[PDB]
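One chain follows as structure tokens, the form solved without the named molecule.
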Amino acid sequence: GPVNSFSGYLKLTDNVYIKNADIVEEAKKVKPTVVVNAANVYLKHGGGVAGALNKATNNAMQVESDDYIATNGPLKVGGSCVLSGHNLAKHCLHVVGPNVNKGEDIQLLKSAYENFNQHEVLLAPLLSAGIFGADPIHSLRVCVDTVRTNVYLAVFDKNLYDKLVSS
């Protein structure tokens, strides 16, 4: 099924690549095995990457997520769960980064990125780097130090992308 046809990425380390792109648009071109969603524990995909991914699935992601959460209860911070990737990928790895702004432990960003290690290749965003308030430079550094498998990072904003590549 999935083909993982990534292109245009800058190689930062042996297993970490980065691109200035829309993760929804990357997922449609790449057709990856796994696309990562930066979620909350209730899998309510209200905005950011999660809202954008859900919209691209025509709200199917939210319906499947609501069914999973009503059954199995919320996730743990730093935890994750594999659901369907719908039309974007084979699977979607919903990962919950810590809500740094609301006082959750930023050390859980290591546990959040350790969920990546169960998958050979992933298309992902920077965890907790949206409204959760984690410094994206710090989120990238935890990603590099923690992820051992192949991760292709999409950063939407160009200015932040240039900051990240230069750091």
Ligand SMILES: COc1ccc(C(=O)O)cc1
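Quick note: we count residues from 1 along the sequence shown, nothing fancier.
The protein also exists as the form solved in complex with the named molecule; that form is not presented, and the subsequent description refers to it.
With the site C-alphas superposed, the named molecule from its pose in the entry with it bound puts 3 or more atoms within 2.4 Å of the backbone and C-beta atoms of the shown form; the site is blocked. Not one of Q107, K110 and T146 places a heavy atom within 4.5 Å of the named molecule in the entry with it bound. Contact annotation: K31 falls within 4.5 Å of the named molecule in the entry with it bound, judged by heavy atom distances. At a distance threshold of 4.5 angstroms between non-hydrogen atoms, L88 is in contact with the named molecule in the entry with it bound.
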